[PDB]
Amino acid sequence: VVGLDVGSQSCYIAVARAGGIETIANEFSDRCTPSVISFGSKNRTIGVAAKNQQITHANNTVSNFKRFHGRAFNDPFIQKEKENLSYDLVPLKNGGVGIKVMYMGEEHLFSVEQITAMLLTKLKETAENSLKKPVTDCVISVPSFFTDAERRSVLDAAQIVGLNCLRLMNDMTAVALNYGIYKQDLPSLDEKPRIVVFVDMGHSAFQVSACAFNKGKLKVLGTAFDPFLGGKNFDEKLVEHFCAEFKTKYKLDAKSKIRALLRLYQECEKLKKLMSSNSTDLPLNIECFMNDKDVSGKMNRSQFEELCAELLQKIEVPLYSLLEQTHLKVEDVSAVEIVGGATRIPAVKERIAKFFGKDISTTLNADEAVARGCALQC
């Protein structure tokens, strides 16, 4: 049974092997498969070869589509999202979200179920190349805020592939189960349960849960979330900043050309990630940005944090929500464990730590924890 963490930006694959849980590496020997599909004239590509083409083939490269599951085109959520995409979003005949691209010489209209199914197919093939056997049974991750329609949409995708999804697993339940199996020296059943808070901020959302653990027993006490706050919001802030800085210094409007704006998003995200390990002034350099002009600017962590002041304030809100629901007090919590790509942002970690009055723990592998939990389920 393969565990599949299908993220809006990246995917991971895990499976129970002899002894424990292993992540499965792909044809680039990587655990991480970008959630990106590129449609060419002779074929299509999925993963990093698609992602590497995202500027060159921007109109026919599809990404960040996970949050379209179970959504109507007319939803203000989708109307907003639509504006930032390099590819065409149109309504399907049933009102759902349609993805229009040029493919095998012809115009194609895809549902999100169909797009996700193309991604699932690659992951399935990846697992089969490593295990040297057919893969059918799987567990697929879903955010803990996904509604029943959004979940059914993901199941519909898996059925298109011919996968037998035994279970859609809540990301935070994935993480909890992972912890519950791997954490050493949990309390005995005859001891006071250990209350752990899990925080997962990915590209598109912020999720938090509280769980009580004993050896062989897990109880989820509550979950909270901001489905509209993730790593990408921070990218957006940097992009808006440099877009204006470049209008001033170079009189170039990045917003006017989509492939320049995309490239600006790429650079700002790279910059964001680097500021997690480097606090000094860091270069942003984009060769031949537009009108053959090279552009340049700089940024450091402290300035990034000031720019993202309002976003960082939003971090404590789901934490407050969690306590409100569970009636837990921070002193009840033994540890705060982080997982996911964007929780690593030092200002985000700091806000969490200050809220619970505890240092942040990193017992689990932040990138792999969800897939590993999915692989544990069955």
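Note that residue numbering follows the sequence shown and begins at 1.
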If you average the CA temperature factors over each stretch, which comes out higher, 257-265 or 161-169?
-> 257-265
If you average the Cα B factors in the entry, which is higher, 312-320 or 34-42?
-> 34-42
Comparing C-alpha B-factors across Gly216, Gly98, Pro193, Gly297 in this entry, the winner is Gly297
Looking at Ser29, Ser63, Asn59, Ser334, which has the biggest Cα B factor in the entry?
-> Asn59
Modelled-residue ranking by C-alpha temperature factor, third containing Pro143 = lowest
In terms of its chain's C-alpha B-factors, the third that includes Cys11 is the lowest
Please rank the C-alpha B-factors of the chain's modelled residues and tell me whether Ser188 sits in the lowest, middle or highest third.
-> lowest
Taking the values exactly as deposited, rank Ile338 by C-alpha B-factor within its chain and report the matching third: lowest, middle or highest.
-> lowest
Which third of the chain holds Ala117 when residues are ordered by C-alpha B factor: lowest, middle or highest?
-> lowest
